[PDB]
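Given next are two forms of a protein chain, the same chain in both, each as structure tokens and marked structure 1 or structure 2.
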Structure 1
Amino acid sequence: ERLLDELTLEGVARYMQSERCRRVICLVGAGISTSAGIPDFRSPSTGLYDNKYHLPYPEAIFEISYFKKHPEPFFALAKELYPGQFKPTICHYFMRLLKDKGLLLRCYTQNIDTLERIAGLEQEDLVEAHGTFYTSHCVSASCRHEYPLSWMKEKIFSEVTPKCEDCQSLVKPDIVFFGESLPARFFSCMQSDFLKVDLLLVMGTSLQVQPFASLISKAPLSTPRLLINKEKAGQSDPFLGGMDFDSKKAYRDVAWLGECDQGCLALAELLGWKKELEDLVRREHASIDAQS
């Protein structure tokens, strides 16, 4: 009774091009941006937090109340970690193709780098589960003046603590600090989207950070779930208690292990989309390289 004829990338592609598959939800994380030269900010082994701030504890750099009273460490770190270029990956442009072809219901992302937007996903297509640098707001509840990334970038590089032009309050990028809630939009969209989904495409996430990881359990029981990731992820934790790729009871979950770009390339090829994807990426990359 299962929807995939076989538990392979080939099976997923046949399903995608069948009448049964109309709405795809993508769940994406840091693994879709590493090939764009953006490291994984949640990892301690990427050396981003290797080093004067006098933090009452090392975690305070991520905490909202600390930020509000001592914003300088955050903004110094933001300058240090600011990417040299913003060129979305093959994986990002694969999602743009999903959008173009009327298959994209939603992209839920853990990333803050804005590459989904640069690749042409719109606000309505996105749930930025950990917020984004794309916009920043004055922290004063009575004001909330919104500032674009161009404005915020200028403040970060000039090492001027960003203050609101209307009220002189601190201006904070719309990323979710420890102590802040996840965006309201995350919960709203989750409630509706997973009633409507035909395929989950899970790319570049290890599914270890909650509540993002729990999204896979919101899929209907029949909905195929394809993981494209360097490592297998999402199975039940044998210590406590999921994806089932390999047991005799597996029926809908498929793992393609490798670089996300290569997995998306392989899937696009099966779909007859490889030329379209190559043409889109090369054109967009050229346009970004040519920014004058």
Structure 2
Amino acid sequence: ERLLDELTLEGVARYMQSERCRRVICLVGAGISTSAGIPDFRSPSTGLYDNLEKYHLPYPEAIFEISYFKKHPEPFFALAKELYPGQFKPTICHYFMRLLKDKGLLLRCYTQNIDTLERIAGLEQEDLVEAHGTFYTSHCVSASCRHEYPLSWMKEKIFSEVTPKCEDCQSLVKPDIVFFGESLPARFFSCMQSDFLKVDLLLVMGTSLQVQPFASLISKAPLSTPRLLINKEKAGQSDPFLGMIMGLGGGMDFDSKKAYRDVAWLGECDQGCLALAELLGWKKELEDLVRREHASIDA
């Protein structure tokens, strides 16, 4: 069933202004924060996974892999000390999602990021699913213990160059950011079970959709729900190939003759959000919000 009058940004904008479009879910990744100075993972040359050579890893992902971590925790904590102190401000894209909230359209933002820029831009707890966790809290990795530690305790250890250990059981303690091999937060599953039943539009921004189960989210919406991708490159579309991340047919179809609801706007997330905001008549409103908020942070 086809709800967009045309498969373009303009078509998505007209749909957003129709009575049909009440509930919008944003699905976001590291691409929405590169313009703020935080590298992504998988972009050639600049991405984090192309810049870990000094840690002497078997493959880049090992630095956030739970089995490797337990055996060799030192690289992760060395990287954490290098990355933690960074100070960053939300992007136009983050403020666009804030505007969706204030306009009453945002059902939920599911984020793969741990930078907290969604919260800094003014989205609240109930608007967010921090799918790949948070550094705000930390836990002992032992399943029979799971002692919780606050951010202050973790910083005390990290910047003291002591490998954080649990005071009860001496097991490693790590921030609640989700590693390969680890469970996702309970909130991911409880929100996912209900949010996708009546969603009217998916807005996918700044992600390569290369990790499960987050990549499955696009297939959870009803088949009639349009999906707009704002990203530098097409993501989620391919023929069947061995080792593909998406389930069979769970991807996007922007370009086949059977394409009916997916739109790819290729370019920078910030510029896509500006372009869409203009089509919605919100451009002036977004720009002021950005300027005031960036000014407020500088103070």
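The first residue in the sequence of structure 1 is number 1, and each one after it adds one. By rigid core we mean the largest C-alpha set that fits within 1.5 Å across both forms.
- Of the candidates 77, 97, 126, 197, the Cα that moves 2 angstroms or more after core superposition between structure 1 and structure 2 belongs to 77 alone.
- Once the cores line up, the CA of residue 209 ends up less than 2 angstroms apart between structure 1 and structure 2.
- After superposition on the rigid core, displacement of the C-alpha of residue 136 between structure 1 and structure 2 amounts to 2 Å or more.
- After superposing the rigid core, the Cα of residue 173 is displaced by 2 Å or more between structure 1 and structure 2.
- For residue 64, the Cα deviation between structure 1 and structure 2 after core superposition amounts to 5.2 Å.
- Core superposition places the Cα of residue 164 9.6 Å apart between structure 1 and structure 2.
- Relative displacement of the residue 184 Cα between structure 1 and structure 2 on rigid core alignment is 0.4 Å.
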